[PDB]
Amino acid sequence: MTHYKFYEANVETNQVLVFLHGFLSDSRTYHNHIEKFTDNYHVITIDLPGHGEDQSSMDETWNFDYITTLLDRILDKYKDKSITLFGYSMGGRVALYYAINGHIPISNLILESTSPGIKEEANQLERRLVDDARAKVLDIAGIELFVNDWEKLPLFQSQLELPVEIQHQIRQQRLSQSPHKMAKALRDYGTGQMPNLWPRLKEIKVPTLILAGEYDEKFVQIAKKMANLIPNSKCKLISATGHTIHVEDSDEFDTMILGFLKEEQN
């Protein structure tokens, strides 16, 4: 209930494009994009556990297998369609996990500024500690103070250049998240908790589009590495954007998706 929205295509089509959002955000991030795709594609947006309109129980572990089941249940209603699964950042981690472990086969995969998790154990632990600390800060200091600090992360420096409306929308989307739920999201499916999917990338056989922002060096290096390992992948670097490409250059982002979707119609 409430955790996913289906937007009927303006035309008959067997194509369904499924959007997963990032941490501290929800499906509203795709708001201005939906109409660009419904022209030719059915669109689904899904709020992940703890985010936006999600109503996952606080008393269940929101690990990847839980999220996979969640997605299985939605996608089962469209299993006979050609499903393109799109994930941005946190949602891309879910989309990679799902491409590898999901129970409904997807047709195509799209990854924006994401990673298959952390390879080496000590780095996984480093990240767990940080996300665990962050979760504690959320449970205790609340959403506003967290977002204030989150806004200042180097990862998001390129956003400081966005039009004030856009920065407002992003800030509002973050502030509306429940801090206790954000904490649980971090503890249960933060990157530090995610299995290292690097050695399973070769299992992903579907056409895959990988997007990274040129200013976002870390995720560019990750995107290139992922592309090498996913056998039918295209990696596109988006000029003059950081991590959240779909917000910083929405049109180019849209053009890249539509063109990929165009190419893979077969």
# chains A, B, ... in the order shown; residues from 1 in each chain; ligands from 1
call {"tool": "closest_atom_pairs", "arguments": {"of": "stretch 86-166 of chain A", "to": "stretch 197-209 of chain A", "cutoff": "12 Å", "atoms": "only C-alpha atoms", "output": "JSON lines"}}
result
{"residue": "A:86", "atom": "CA", "partner": "A:209", "partner_atom": "CA", "distance": 9.1}
{"residue": "A:87", "atom": "CA", "partner": "A:209", "partner_atom": "CA", "distance": 10.7}
{"residue": "A:88", "atom": "CA", "partner": "A:209", "partner_atom": "CA", "distance": 11.8}
{"residue": "A:92", "atom": "CA", "partner": "A:209", "partner_atom": "CA", "distance": 11.5}
{"residue": "A:93", "atom": "CA", "partner": "A:197", "partner_atom": "CA", "distance": 9.1}
{"residue": "A:94", "atom": "CA", "partner": "A:197", "partner_atom": "CA", "distance": 10.8}
{"residue": "A:95", "atom": "CA", "partner": "A:204", "partner_atom": "CA", "distance": 11.0}
{"residue": "A:96", "atom": "CA", "partner": "A:197", "partner_atom": "CA", "distance": 7.8}
{"residue": "A:97", "atom": "CA", "partner": "A:197", "partner_atom": "CA", "distance": 7.3}
{"residue": "A:98", "atom": "CA", "partner": "A:204", "partner_atom": "CA", "distance": 9.9}
{"residue": "A:99", "atom": "CA", "partner": "A:204", "partner_atom": "CA", "distance": 6.3}
{"residue": "A:100", "atom": "CA", "partner": "A:204", "partner_atom": "CA", "distance": 6.1}
{"residue": "A:101", "atom": "CA", "partner": "A:200", "partner_atom": "CA", "distance": 9.7}
{"residue": "A:102", "atom": "CA", "partner": "A:204", "partner_atom": "CA", "distance": 11.1}
{"residue": "A:105", "atom": "CA", "partner": "A:206", "partner_atom": "CA", "distance": 9.4}
{"residue": "A:106", "atom": "CA", "partner": "A:206", "partner_atom": "CA", "distance": 7.5}
{"residue": "A:107", "atom": "CA", "partner": "A:206", "partner_atom": "CA", "distance": 6.1}
{"residue": "A:108", "atom": "CA", "partner": "A:207", "partner_atom": "CA", "distance": 5.0}
{"residue": "A:109", "atom": "CA", "partner": "A:208", "partner_atom": "CA", "distance": 4.5}
{"residue": "A:110", "atom": "CA", "partner": "A:209", "partner_atom": "CA", "distance": 4.8}
{"residue": "A:111", "atom": "CA", "partner": "A:209", "partner_atom": "CA", "distance": 6.3}
{"residue": "A:112", "atom": "CA", "partner": "A:209", "partner_atom": "CA", "distance": 8.4}
{"residue": "A:113", "atom": "CA", "partner": "A:209", "partner_atom": "CA", "distance": 11.2}
{"residue": "A:114", "atom": "CA", "partner": "A:209", "partner_atom": "CA", "distance": 11.8}
{"residue": "A:115", "atom": "CA", "partner": "A:198", "partner_atom": "CA", "distance": 8.7}
{"residue": "A:116", "atom": "CA", "partner": "A:197", "partner_atom": "CA", "distance": 4.9}
{"residue": "A:117", "atom": "CA", "partner": "A:197", "partner_atom": "CA", "distance": 6.2}
{"residue": "A:118", "atom": "CA", "partner": "A:198", "partner_atom": "CA", "distance": 8.0}
{"residue": "A:119", "atom": "CA", "partner": "A:198", "partner_atom": "CA", "distance": 6.8}
{"residue": "A:120", "atom": "CA", "partner": "A:198", "partner_atom": "CA", "distance": 10.4}
call {"tool": "closest_atom_pairs", "arguments": {"of": "stretch 72-93 of chain A", "to": "stretch 23-47 of chain A", "cutoff": "8 Å", "atoms": "only C-alpha atoms", "output": "JSON lines"}}
result
{"residue": "A:89", "atom": "CA", "partner": "A:23", "partner_atom": "CA", "distance": 7.6}
{"residue": "A:90", "atom": "CA", "partner": "A:23", "partner_atom": "CA", "distance": 5.6}
{"residue": "A:91", "atom": "CA", "partner": "A:23", "partner_atom": "CA", "distance": 7.6}
call {"tool": "closest_residue", "arguments": {"among": "A:165, A:188, A:144, A:8", "to": "residue A:63", "atoms": "only C-alpha atoms"}}
result
A:188
call {"tool": "residues_around", "arguments": {"residues": "stretch 122-129 of chain A", "least_positions_apart": "2", "cutoff": "12 Å", "atoms": "only C-alpha atoms", "output": "list in words"}}
result
residues 116, 117, 118, 119, 120, 131, 132, 133, 134, 135, 136, 186, 187, 188, 189, 190, 191, 192, 193, 194, 195 and 196 of chain A
call {"tool": "write_last_selection", "arguments": {"atoms": "C-alpha atoms", "output": "compact mmCIF listing (two decimals), in the first residue's frame"}}
result
# COMPACT_ATOMS: atom_id res chain seq x y z
CA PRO A 116 27.74 -2.56 -6.16
CA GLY A 117 28.90 -1.98 -2.59
CA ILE A 118 32.27 -2.17 -0.98
CA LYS A 119 34.79 -4.87 -1.93
CA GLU A 120 37.15 -5.08 1.00
CA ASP A 131 26.39 4.95 8.81
CA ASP A 132 25.76 3.60 12.30
CA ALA A 133 27.04 6.92 13.74
CA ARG A 134 24.84 8.80 11.25
CA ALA A 135 21.82 6.68 12.30
CA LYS A 136 22.53 7.54 15.97
CA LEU A 186 21.11 3.17 7.22
CA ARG A 187 21.43 0.34 9.76
CA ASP A 188 19.53 -2.25 7.66
CA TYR A 189 20.54 -1.50 4.06
CA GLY A 190 23.30 1.05 4.20
CA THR A 191 26.24 0.40 1.93
CA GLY A 192 28.20 -1.05 4.83
CA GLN A 193 25.50 -3.72 5.25
CA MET A 194 25.25 -4.54 1.56
CA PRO A 195 26.98 -7.65 0.26
CA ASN A 196 29.90 -6.98 -2.08
call {"tool": "select_by_dssp", "arguments": {"residues": "stretch 1-53 of chain A", "states": "strand (DSSP E)", "output": "PyMOL selection string"}}
result
chain A and resi 4-7+15-20+42-46
call {"tool": "closest_residue", "arguments": {"among": "A:250, A:55, A:215, A:19", "to": "residue A:158", "atoms": "only C-alpha atoms"}}
result
A:215
call {"tool": "residues_around", "arguments": {"residues": "residue A:252", "least_positions_apart": "2", "cutoff": "12 Å", "atoms": "only C-alpha atoms", "output": "list in words"}}
result
residues 33, 36, 211, 213, 236, 237, 238, 239, 240, 241, 245, 246, 247, 248, 249, 250, 254, 255, 256, 257, 258 and 259 of chain A
call {"tool": "closest_residue", "arguments": {"among": "A:251, A:80, A:60, A:216", "to": "residue A:16", "atoms": "only C-alpha atoms"}}
result
A:80
call {"tool": "select_by_dssp", "arguments": {"residues": "stretch 29-228 of chain A", "states": "alpha helix (DSSP H)", "output": "PyMOL selection string"}}
result
chain A and resi 34-38+64-75+90-101+121-141+143-150+164-175+179-189+217-228
call {"tool": "write_last_selection", "arguments": {"atoms": "C-alpha atoms", "output": "PDB file, in the first residue's frame"}}
result
ATOM      1  CA  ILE A  34       7.498  11.115 -15.372  1.00  0.00           C
ATOM      2  CA  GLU A  35       5.744  12.912 -18.261  1.00  0.00           C
ATOM      3  CA  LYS A  36       8.879  12.719 -20.413  1.00  0.00           C
ATOM      4  CA  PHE A  37       8.573   8.903 -20.220  1.00  0.00           C
ATOM      5  CA  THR A  38       4.796   8.263 -20.119  1.00  0.00           C
ATOM      6  CA  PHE A  64      18.293  -6.578   0.781  1.00  0.00           C
ATOM      7  CA  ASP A  65      16.257  -9.789   0.822  1.00  0.00           C
ATOM      8  CA  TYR A  66      13.355  -7.898   2.410  1.00  0.00           C
ATOM      9  CA  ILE A  67      13.635  -5.199  -0.273  1.00  0.00           C
ATOM     10  CA  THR A  68      13.867  -7.895  -2.990  1.00  0.00           C
ATOM     11  CA  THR A  69      10.626  -9.434  -1.730  1.00  0.00           C
ATOM     12  CA  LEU A  70       9.061  -6.007  -1.656  1.00  0.00           C
ATOM     13  CA  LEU A  71      10.044  -5.484  -5.271  1.00  0.00           C
ATOM     14  CA  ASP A  72       9.095  -9.063  -6.326  1.00  0.00           C
ATOM     15  CA  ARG A  73       5.572  -8.307  -5.108  1.00  0.00           C
ATOM     16  CA  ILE A  74       5.246  -5.147  -7.134  1.00  0.00           C
ATOM     17  CA  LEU A  75       6.955  -6.446 -10.253  1.00  0.00           C
ATOM     18  CA  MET A  90      20.948   4.043  -2.865  1.00  0.00           C
ATOM     19  CA  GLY A  91      18.205   2.887  -5.231  1.00  0.00           C
ATOM     20  CA  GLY A  92      20.881   1.746  -7.701  1.00  0.00           C
ATOM     21  CA  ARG A  93      22.320  -0.491  -4.986  1.00  0.00           C
ATOM     22  CA  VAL A  94      18.883  -1.992  -4.661  1.00  0.00           C
ATOM     23  CA  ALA A  95      18.581  -2.231  -8.475  1.00  0.00           C
ATOM     24  CA  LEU A  96      21.919  -4.042  -8.762  1.00  0.00           C
ATOM     25  CA  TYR A  97      20.932  -6.434  -5.965  1.00  0.00           C
ATOM     26  CA  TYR A  98      17.645  -6.990  -7.678  1.00  0.00           C
ATOM     27  CA  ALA A  99      19.207  -7.564 -11.126  1.00  0.00           C
ATOM     28  CA  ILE A 100      21.299 -10.325  -9.529  1.00  0.00           C
ATOM     29  CA  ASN A 101      18.926 -11.801  -6.940  1.00  0.00           C
ATOM     30  CA  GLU A 121      36.028  -6.042   4.529  1.00  0.00           C
ATOM     31  CA  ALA A 122      37.827  -3.244   6.396  1.00  0.00           C
ATOM     32  CA  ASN A 123      36.265  -0.650   4.100  1.00  0.00           C
ATOM     33  CA  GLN A 124      32.837  -2.269   4.617  1.00  0.00           C
ATOM     34  CA  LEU A 125      33.354  -1.916   8.379  1.00  0.00           C
ATOM     35  CA  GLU A 126      34.577   1.708   8.060  1.00  0.00           C
ATOM     36  CA  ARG A 127      31.336   2.481   6.271  1.00  0.00           C
ATOM     37  CA  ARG A 128      29.138   0.565   8.725  1.00  0.00           C
ATOM     38  CA  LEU A 129      30.605   2.591  11.607  1.00  0.00           C
ATOM     39  CA  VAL A 130      29.968   5.881   9.791  1.00  0.00           C
ATOM     40  CA  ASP A 131      26.391   4.952   8.807  1.00  0.00           C
ATOM     41  CA  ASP A 132      25.757   3.596  12.298  1.00  0.00           C
ATOM     42  CA  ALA A 133      27.043   6.922  13.743  1.00  0.00           C
ATOM     43  CA  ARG A 134      24.845   8.803  11.254  1.00  0.00           C
ATOM     44  CA  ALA A 135      21.822   6.681  12.303  1.00  0.00           C
ATOM     45  CA  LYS A 136      22.527   7.537  15.970  1.00  0.00           C
ATOM     46  CA  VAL A 137      22.706  11.260  15.042  1.00  0.00           C
ATOM     47  CA  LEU A 138      19.308  10.918  13.329  1.00  0.00           C
ATOM     48  CA  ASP A 139      17.532   9.078  16.210  1.00  0.00           C
ATOM     49  CA  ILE A 140      18.850  11.769  18.603  1.00  0.00           C
ATOM     50  CA  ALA A 141      19.380  15.162  16.876  1.00  0.00           C
ATOM     51  CA  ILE A 143      16.016  15.540  10.603  1.00  0.00           C
ATOM     52  CA  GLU A 144      16.854  19.241  10.268  1.00  0.00           C
ATOM     53  CA  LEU A 145      20.337  19.136  11.836  1.00  0.00           C
ATOM     54  CA  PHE A 146      21.196  15.983   9.868  1.00  0.00           C
ATOM     55  CA  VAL A 147      20.128  17.576   6.558  1.00  0.00           C
ATOM     56  CA  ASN A 148      22.143  20.715   7.383  1.00  0.00           C
ATOM     57  CA  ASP A 149      25.289  18.553   7.703  1.00  0.00           C
ATOM     58  CA  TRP A 150      24.274  16.268   4.775  1.00  0.00           C
ATOM     59  CA  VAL A 164      17.550  28.164  -5.554  1.00  0.00           C
ATOM     60  CA  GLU A 165      14.184  26.467  -6.371  1.00  0.00           C
ATOM     61  CA  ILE A 166      15.935  23.180  -7.001  1.00  0.00           C
ATOM     62  CA  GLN A 167      17.971  23.443  -3.796  1.00  0.00           C
ATOM     63  CA  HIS A 168      14.698  24.214  -1.925  1.00  0.00           C
ATOM     64  CA  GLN A 169      12.944  21.141  -3.441  1.00  0.00           C
ATOM     65  CA  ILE A 170      15.865  18.859  -2.523  1.00  0.00           C
ATOM     66  CA  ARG A 171      16.020  20.325   1.034  1.00  0.00           C
ATOM     67  CA  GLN A 172      12.262  19.920   1.497  1.00  0.00           C
ATOM     68  CA  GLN A 173      12.345  16.313   0.272  1.00  0.00           C
ATOM     69  CA  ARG A 174      15.107  15.544   2.792  1.00  0.00           C
ATOM     70  CA  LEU A 175      13.418  17.433   5.706  1.00  0.00           C
ATOM     71  CA  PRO A 179      14.717  10.623  10.978  1.00  0.00           C
ATOM     72  CA  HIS A 180      13.980   7.371  12.855  1.00  0.00           C
ATOM     73  CA  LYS A 181      13.205   5.715   9.509  1.00  0.00           C
ATOM     74  CA  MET A 182      16.326   7.207   7.909  1.00  0.00           C
ATOM     75  CA  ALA A 183      18.310   5.694  10.796  1.00  0.00           C
ATOM     76  CA  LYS A 184      16.760   2.275  10.247  1.00  0.00           C
ATOM     77  CA  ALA A 185      17.410   2.516   6.474  1.00  0.00           C
ATOM     78  CA  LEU A 186      21.106   3.174   7.221  1.00  0.00           C
ATOM     79  CA  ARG A 187      21.432   0.344   9.764  1.00  0.00           C
ATOM     80  CA  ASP A 188      19.525  -2.250   7.663  1.00  0.00           C
ATOM     81  CA  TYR A 189      20.535  -1.495   4.059  1.00  0.00           C
ATOM     82  CA  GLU A 217      35.034  11.481  -9.501  1.00  0.00           C
ATOM     83  CA  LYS A 218      34.379   8.644  -7.053  1.00  0.00           C
ATOM     84  CA  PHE A 219      31.258   7.447  -8.801  1.00  0.00           C
ATOM     85  CA  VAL A 220      32.806   7.985 -12.276  1.00  0.00           C
ATOM     86  CA  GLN A 221      35.611   5.586 -11.287  1.00  0.00           C
ATOM     87  CA  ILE A 222      32.978   3.195  -9.939  1.00  0.00           C
ATOM     88  CA  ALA A 223      30.796   3.505 -13.071  1.00  0.00           C
ATOM     89  CA  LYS A 224      33.731   2.688 -15.338  1.00  0.00           C
ATOM     90  CA  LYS A 225      34.624  -0.363 -13.242  1.00  0.00           C
ATOM     91  CA  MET A 226      30.996  -1.603 -13.235  1.00  0.00           C
ATOM     92  CA  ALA A 227      30.790  -1.136 -17.027  1.00  0.00           C
ATOM     93  CA  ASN A 228      33.847  -3.357 -17.474  1.00  0.00           C
TER      94      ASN A 228
END
call {"tool": "closest_residue", "arguments": {"among": "A:210, A:234, A:18, A:153", "to": "residue A:263", "atoms": "only C-alpha atoms"}}
result
A:234
call {"tool": "closest_residue", "arguments": {"among": "A:159, A:176, A:244, A:84", "to": "residue A:22", "atoms": "only C-alpha atoms"}}
result
A:244
